[PDB]
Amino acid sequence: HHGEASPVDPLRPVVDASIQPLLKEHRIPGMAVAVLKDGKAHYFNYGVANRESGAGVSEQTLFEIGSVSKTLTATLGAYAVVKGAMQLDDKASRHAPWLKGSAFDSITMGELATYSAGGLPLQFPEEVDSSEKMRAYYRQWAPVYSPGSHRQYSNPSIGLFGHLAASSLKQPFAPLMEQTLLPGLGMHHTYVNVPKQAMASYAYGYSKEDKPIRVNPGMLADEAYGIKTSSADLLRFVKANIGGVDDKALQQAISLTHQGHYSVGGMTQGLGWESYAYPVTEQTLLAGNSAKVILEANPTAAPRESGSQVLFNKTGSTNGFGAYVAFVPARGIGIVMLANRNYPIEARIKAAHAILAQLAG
């Protein structure tokens, strides 16, 4: 393609330099990247969304974002707090009669949200595949740790937080998310359940064997990892987390998600979002997103003091997809990286850190 005019955007070279190697090294079929600088969104798109159609990725392409969903679920919970339907210090069994009598009489909504209830596992046991079996699972569950003392990253934990927050608002989770929360965030192309009208924009994910796949159903998947979105909608979510939104209650909810509860190493756990003092070293960002922090129980330490420059981030994956978002309100910068391959978290962090450092100036 020589002889073509090169893109006009001054940020294109910076983003290409970090993203193109990544696509080639991990054989990523497609990636939508969106960056925020000086109030403005920039979109850089790579590759193909669906190898059957050959359609290129755009900033309207829908990707599974896996656990990045947890930031939206946390915002829904924070919205329930702002509306007075629940408090973070409520015992979880206050919001579910079927939980009365269990360990969840003495575990708070906040602890569920922040994976600190006492050792709920990363995933439901594969046998837990119905609502009835889910309820039984929680009632039988034996605490490993005292509430508040250890972070064990957990889909059953924040999934139950999101279930019960929706219940406190007297609406099922998915329609509450789609009809109240997402529209107020300006996310009009974001879904728990992708509707007919939007299916053509939905990428296929690609497994390590290059087979086309999409997310498998699971218990509390909607709450823990069930969002499909575009790079433009997720960057609008970043902007909502910096400059706010018109809905008064949703504004407060967003702010609540930034508040620190405790730290693990250099990472401070908020509601959904995980945060760092900024500027942040690649080493610190890698450690906070490392296998040790994701897969092991770590003791909770004092949260970082509030104020100064802070970076917020969240990783997420499904079998066919890999997502990352990071932003720094105090510098007005942010990045969204949505791919249809689940490629290593360390590579996401390296590229995002490098791009953000150039954007910061």
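Throughout, we count residues from 1 along the sequence that is shown. Only the largest set of C-alpha atoms that superpose within 1.5 Å between the two forms is called the rigid core.
Divergent stretch in 4 other deposited structures of this protein, 70-78 or 242-250 [C-alpha RMS, superposed by the core]: Higher average C-alpha offset in 4 other deposited structures of this protein goes to 242-250.
Greater root mean square CA deviation, 310-318 compared with 52-60 in 4 other deposited structures of this protein, core aligned: Relative to the shown form, the greater RMS C-alpha distance in 4 other deposited structures of this protein belongs to 52-60.
Residue stretch of maximal mean CA temperature factor, 52-60 vs 28-36: Result: 52-60.
126-134 set against 270-278, stretch whose average Cα temperature factor tops the other in the entry: Comparing 270-278 with 126-134, the higher mean C-alpha B-factor belongs to 126-134.
Highest recorded Cα temperature factor - choice among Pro143, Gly77, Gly265, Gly110: Largest recorded C-alpha B-factor: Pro143.
Out of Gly322, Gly334, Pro303, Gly307, residue topping the C-alpha B-factor column of the entry: Largest recorded C-alpha B-factor: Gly307.
Where the record places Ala330 (Cα B-factor, split into thirds across the chain): Ranked within chain, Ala330 CA B lands in the highest tercile.
Third of chain Cα B-factors occupied by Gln20: Highest third, going by the recorded CA B-factors of the chain.
Entry-reported Cα temperature factor of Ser116, expressed as the chain third it lands in: Its C-alpha B-factor, which the entry lists for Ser116, ranks in the lowest third among residues of this chain.
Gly244 by Cα B-factor - lowest, middle or highest third of the modelled chain: Answer is highest: the recorded C-alpha B-factor places it there.
Entry-reported Cα temperature factor of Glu223, expressed as the chain third it lands in: It falls in the bottom third of the chain.
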